[PDB]
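# Based on what follows, work out the 3D shape:
(one chain, ligands or ions: 6)
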Amino acid sequence: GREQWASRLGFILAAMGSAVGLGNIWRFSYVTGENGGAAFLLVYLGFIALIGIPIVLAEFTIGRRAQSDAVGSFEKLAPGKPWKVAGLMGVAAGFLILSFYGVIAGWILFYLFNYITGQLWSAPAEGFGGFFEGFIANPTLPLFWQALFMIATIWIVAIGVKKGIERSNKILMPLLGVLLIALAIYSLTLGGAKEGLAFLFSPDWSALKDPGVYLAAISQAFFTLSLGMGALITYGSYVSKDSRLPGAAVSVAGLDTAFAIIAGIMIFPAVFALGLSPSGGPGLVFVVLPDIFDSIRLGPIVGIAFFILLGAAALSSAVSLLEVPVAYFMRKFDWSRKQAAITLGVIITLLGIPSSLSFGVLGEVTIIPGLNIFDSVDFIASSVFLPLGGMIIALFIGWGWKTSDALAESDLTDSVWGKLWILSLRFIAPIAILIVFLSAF
Ligand SMILES: CCCCCCCCCCCCO[C@@H]1O[C@H](CO)[C@@H](O[C@H]2O[C@H](CO)[C@@H](O)[C@H](O)[C@H]2O)[C@H](O)[C@H]1O
Ligand SMILES: CCCCCCCCS[C@@H]1O[C@H](CO)[C@@H](O)[C@H](O)[C@H]1O
Ligand SMILES: CCCCCCCCS[C@@H]1O[C@H](CO)[C@@H](O)[C@H](O)[C@H]1O
Ligand SMILES: CC(C)C[C@H](N)C(=O)O
Ligand code: NA
Ligand code: NA
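Residues are numbered from 1 along each chain as shown. Ligands and ions are numbered 1, 2, ... in the order given. Below you will find the coordinate block:
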């Protein structure tokens with residue numbers, strides 16, 4: 001008696017709700033800002049089309065065919081084979097990513113609280129940078145705001161696939177999109193549009209000589225798509241026998257890429273208008289956007305609505321993160337859904353506390369040479385586990401299945417896209433990820 005998405009539209013909304021989150025605005029802004037902008041963008045865009053779309057389809061195909069969790073989908077489709085390592089790494093990557101994801105999601109609830117309590121309406125004397133720096137440097141407060149978010153994340157995954165994840169507000173993600181477009185229009189009028197549009201859309205190939213911008217591009221590509229973390233295999237697992245998988249893949253990435261491009265038109269024109277540097281770091285959007293909201297007469301209302309819609313999309317992305325280990329520990333250890341959700345949830349919360357302290361007391365502590373605790377947990381998950389875990393998934397469909405099985409389960413039997421899709425999984429994606437791995441390291 002295994003669960004499945006009750007409604008018909010629930011699967012694509014859940015996958016979109018998984019993809020559209022903090023990686024589109026927070027991470028995309030500062031990863032693009034410190035990687036040169038336009039040149040990094042085109043490489044990132046080319047990775048999404050060539051590699052992101054096939055892997056999104058590939059993860060959908062594995063889960064729907066096997067109807068099991070992340071690891072058990074490889075045990076059923078290929079028993080006694082080492083392909084399951086991609087499922088193991090994905091479970092670990094979701095564990096690592098969720099730990100610091102809730103921390104950033106704690107920053108959002110804290111800013112939402114301030115707007116709701118009239119704090120951040122006008123500019124504090126320390127400035128929005130000093131207010132942000134002073135808040136992240138505080139040890140206790142972000143832990144408290146990380147906890148509240150994880151509780152809501154735990155609450156939803158414990159309720160179930162049908163009653164919780166499936167039952168979500170359809171309006172919030174378009175509301176967020178409507179709010180981003182309106183904010184993008186306003187940012188063009190601030191005076192830094194030309195400076196920002198040049199940084200964002202005029203390629204400077206000088207920054208392309210470093211092979212690290214490809215690694216950072218493939219990292220943001222897989223992060224924003226929820227790939228390599230067992231999410232889409234799991235959301236594909238609860239899918240009925242008849243459903244259109246290819247169009248879901250293009251809708252997920254197409255909508256997601258639309259949400260990321262608009263986030264660049266809002267941030268970078270606003271960055272240059274304030275005279276800031278695009279390579280500030282993780283707190284780029286937390287120091288820029290409050291500056292921009294304060295320029296608005298009704299900015300407090302804009303800020304309240306902004307951190308509500310963004311917080312809900314971050315809520316749906318973390319729910320898709322927590323669902324992967326819960327699904328594994330349910331089948332493996334016979335844990336109840338509530339027990340697995342609370343246990344893993346509190347565990348991942350404690351694992352994310354070291355990432356939160358790296359912005360304050362633990363700033364000078366590094367694990368990977370030159371990278372603090374937060375940058376090292378992110379780098380291992382995003383830049384190492386996600387591509388390497390995604391390469392094996394591609395090789396799994398390209399060389400572990402017979403072609404008729406892949407095209408049939410992917411519904412690409414009678415189309416030209418099946419030929420280009422198999423080409424990408426067998427050669428394009430695994431070789432390109434390999435070349436990026438060899439070049440960066
Ligand atoms: C409204 C925010 C998003 C909705 C989710 C929150 C619902 C739960 C509301 C009760 C929990 C709020 O928890 C709240 O955390 C803030 C820290 O930011 C505490 O605030 C504390 O530090 C802040 C700094 O921002 C000071 O301005 C404040 O004087 C001090 O009390 C509040 O004392 C506490 O009440
Ligand atoms: C909403 C869509 C915005 C698209 C922006 C595209 C990038 C424009 S960069 C462009 O570079 C030229 C020199 O190369 C300068 O002469 C121009 O003044 C400057 O604008
Ligand atoms: C969907 C994404 C579409 C992005 C389109 C961006 C086009 C800007 S190209 C840019 O144009 C300048 C002139 O304006 C030239 O001076 C630059 O050398 C050249 O690089
Ligand atoms: C880890 C993922 C759930 C993050 C999500 N894909 C985002 O773009 O925010
Ligand atoms: Na995304
Ligand atoms: Na989301």
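
# Could you use CA atoms for every contact and neighbour count after this?
OK.

# Just give me the neighbour total for residue 381.
24 (other C-alpha atoms under 10 Å).

# That one and residue 253, how far apart?
To residue 253, residue 381 is 21 Å away according to C-alpha to C-alpha, to the nearest Å.

# Mind jotting down where the strands sit in the stretch 251-400 of the chain?
Assigned strands in the stretch 251-400 of the chain: none (criterion: DSSP state E, counting those that start in this stretch).

# What separation do you get for residue 175 and residue 308?
Counting by C-alpha to C-alpha, the gap from residue 175 to residue 308 is 10 Å.

# Those two: which is more packed in?
residue 308 (18 against 15).

# any idea what sits nearest that one, other than its immediate chain neighbours?
residue 112 (7.0 Å; C-alpha to C-alpha, 6 or more residues apart in numbering).

# what about that neighbour, helix or strand, and which?
Counting by DSSP states H and E, the element that carries residue 112 is helix 85-116.

# Please give me every residue in contact with residue 388.
86, 433 (C-alpha atoms under 8 Å, 6 or more residues apart in numbering).

# 10 Å instead, please
Contact partners of residue 388, counting by C-alpha atoms under 10 Å, 6 or more residues apart in numbering, are 86, 89-90, 228, 382, 430, 433-434, 437.

# List only buried entries from these.
86, 89-90, 228, 382, 430, 433, 437 (16 or more other C-alpha atoms under 10 Å).

# now, among the residues you listed, which is nearest to residue 133?
Nearest to residue 133 out of those is residue 382 (C-alpha to C-alpha; 24.5 Å).

# which bits of the stretch 151-300 of the chain sit near ligand 3?
201-203 (C-alpha under 6 Å from any ligand atom).

# Those residues also near ligand 4: which ones?
Within these, nothing lies near ligand 4 by C-alpha under 6 Å from any ligand atom.

# a markdown table for those, including secondary structure?
Listed next are those as a markdown table, based on DSSP: H, G, I helix; E, B strand; the rest coil:
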| residue | secondary structure |
| --- | --- |
| 201 | helix |
| 202 | coil |
| 203 | coil |
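
# Separate out the buried members of the residues you listed.
201, 203.

# Which of the residues of the stretch 151-300 of the chain next to ligand 3 sits closest to residue 326?
residue 201 (41.2 Å).

# Of the residues of the stretch 151-300 of the chain next to ligand 3, just say which sits nearest to ligand 4.
residue 201 (21.2 Å; C-alpha to the nearest ligand atom).

# distance of that closest one from residue 279?
16 Å.

# try residue 19
Using C-alpha to C-alpha, one gets 24 Å for the distance from residue 19 to residue 279.

# same question, residue 159
40 Å.

# Kindly reformat the residues of the stretch 151-300 of the chain next to ligand 3 as a markdown table containing distance to residue 10.
Output for these, formatted as a markdown table (distance: C-alpha to C-alpha, whole Å):
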| residue | distance to residue 10 |
| --- | --- |
| 201 | 35 |
| 202 | 39 |
| 203 | 39 |
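
# Residue 289: which of the residues of the stretch 151-300 of the chain next to ligand 3 is nearest?
For those, the residue nearest residue 289 by C-alpha to C-alpha is residue 201; the value is 20.7 Å.

# Tell me which residues touch the residue of the stretch 101-250 of the chain found nearest ligand 1, please.
The stretch 101-250 of the chain approaches ligand 1 most closely through residue 113 (3.5 Å), counting by C-alpha to the nearest ligand atom. Contacts for residue 113 (C-alpha under 10 Å, 6+ apart) come out as 107, 119-120, 145, 304, 307.

# Export only the CA atoms of the helix or strand containing residue 436, formatted as CSV.
For residue 436, the host element (DSSP H and E) is helix 429-440. The C-alpha trace of helix 429-440 is given here as CSV (Å, rounded to 0.1, in the frame of the first residue of the first chain):
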residue,chain,number,x,y,z
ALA,A,429,26.3,14.8,-19.8
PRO,A,430,28.8,12.3,-18.5
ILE,A,431,31.7,13.5,-20.6
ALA,A,432,31.0,17.2,-19.8
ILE,A,433,30.7,16.6,-16.1
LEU,A,434,34.0,14.6,-16.3
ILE,A,435,35.8,17.4,-18.1
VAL,A,436,34.5,20.0,-15.6
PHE,A,437,35.7,17.8,-12.8
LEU,A,438,39.2,17.3,-14.3
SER,A,439,39.5,21.0,-15.2
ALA,A,440,38.5,22.5,-11.9
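
# Which positions in stretch 101-120 come out as buried?
101-116, 120.

# Who are the contact partners of the residue nearest to residue 308?
Residue 112 touches 106, 118-120, 303-308, 311, counting by C-alpha under 10 Å, 6+ apart.

# and it, how far is that from residue 65?
Noted for residue 112: a distance of 41 Å to residue 65, by C-alpha to C-alpha.

# Count the neighbours of residue 414 for me.
10.

# by contact count, what packs against the helix holding residue 436?
For helix 429-440, the packing partners by 3 or more C-alpha pairs under 10 Å, 6 or more residues apart in numbering; DSSP states H and E come out as helix 38-47, helix 212-224, helix 386-400.

# Check the ones you listed for me and report the most buried one.
When those are scored by mean count of other C-alpha atoms under 10 Å, the highest mean neighbour count falls to helix 212-224 (a mean of 24).

# so can I have JSON lines of the helices and strands packed on helix 429-440 showing distance to residue 360?
Listed next are these as JSON lines, based on distance: least, C-alpha to C-alpha, whole Å:
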{"stretch": "helix 38-47", "distance to residue 360": "30"}
{"stretch": "helix 212-224", "distance to residue 360": "25"}
{"stretch": "helix 386-400", "distance to residue 360": "28"}
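
# which bits of the stretch 1-150 of the chain sit near ligand 1?
109-110, 112-113, 116, 141.

# let's see it at 8 Å
109-114, 116-117, 119, 135, 141, 144-145, 148 (C-alpha under 8 Å from any ligand atom).

# between the residues you listed, which is nearest residue 267?
Set against residue 267, the nearest of those by C-alpha to C-alpha is residue 111 (17.5 Å).

# so what's whichever residue of the chain sits closest to ligand 3 up against?
Relative to ligand 3, the nearest point of the chain is residue 202 (4.0 Å; C-alpha to the nearest ligand atom). Residue 202 makes contact with 37-39, 41, 196 under the criterion C-alpha under 10 Å, 6+ apart.

# Of the residues you listed, which is the nearest to residue 355?
The nearest member of the contacts of residue 202 to residue 355, counting by C-alpha to C-alpha, is residue 37 at 26.4 Å.
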